[PDB]
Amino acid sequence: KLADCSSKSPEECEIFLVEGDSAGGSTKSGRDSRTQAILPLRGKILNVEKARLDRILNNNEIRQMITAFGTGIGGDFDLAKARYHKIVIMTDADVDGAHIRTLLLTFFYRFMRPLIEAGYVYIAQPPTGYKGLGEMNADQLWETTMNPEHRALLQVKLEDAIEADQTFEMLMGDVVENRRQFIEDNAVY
């Protein structure tokens, strides 16, 4: 299901991770085929933090991301082999789209950490609202979220490696109590 861009020079390239193939279909119509590519992720992607390693390997979803990024995973990582210099996480601006995002960030931070330091990881900013990504027309996905002239992307950055280590373990970690305590401490009802 990856829909690759026309150009072959990665410096000007962007790839979009799209939640749902309704949001995706739309994005293939809407985008600049020359400089933009679309990869939709079909389901809740595995929590690579909690899960055994081999599960990560037989997984399809994980495999389609590895293939797309063109580097290899963990020890074989080649940031010079990166197929795209921009990686966009584009999910509905709903609580479940927040969840998918946390999972994708977890995968990058454990198996492709070198890309976050590089600075090619971005989080798209769709219009906030009740409407999701799937319910919008192709050309309004473009004018608000994919067009270089009017879009607002946020660059993901790593500002403290031991803090992030502790956070990823606490939020996506096996232990539930640490996660419950964070919620109790920080939840605004």
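We call the rigid core the largest set of C-alpha positions that still match within 1.5 Å between the two forms. Residue numbers here begin at 1 and follow the sequence given.
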Between 41 to 49 and 154 to 162, which has the larger RMS C-alpha deviation from this form in 9 other deposited structures of this protein after core superposition?
41 to 49
After core superposition, the stretch with larger RMS C-alpha deviation in 9 other deposited structures of this protein, comparing 116 to 124 and 52 to 60, is 52 to 60
With reference to the PDB entry, specify whether the mean Cα temperature factor is higher for 8 to 16 or for 176 to 184.
8 to 16
Segment of higher mean CA temperature factor, 53 to 61 or 145 to 153:
145 to 153
Looking at 103, 80, 95, 89, which one carries the largest C-alpha B-factor according to the PDB entry?
80
Split the chain's modelled residues into thirds by Cα B-factor; residue 67 lands in the middle
Within this chain, which third does the Cα B-factor at residue 85 fall in: lowest, middle or highest?
highest
Based on the deposited C-alpha B factors for this chain, I'd like to know if residue 41 is in the lowest, middle or highest third.
lowest
Entry-reported Cα temperature factor of residue 48, expressed as the chain third it lands in
lowest
Looking at the temperature factor on the CA atom of residue 162, which third of the chain's modelled residues does it land in?
lowest
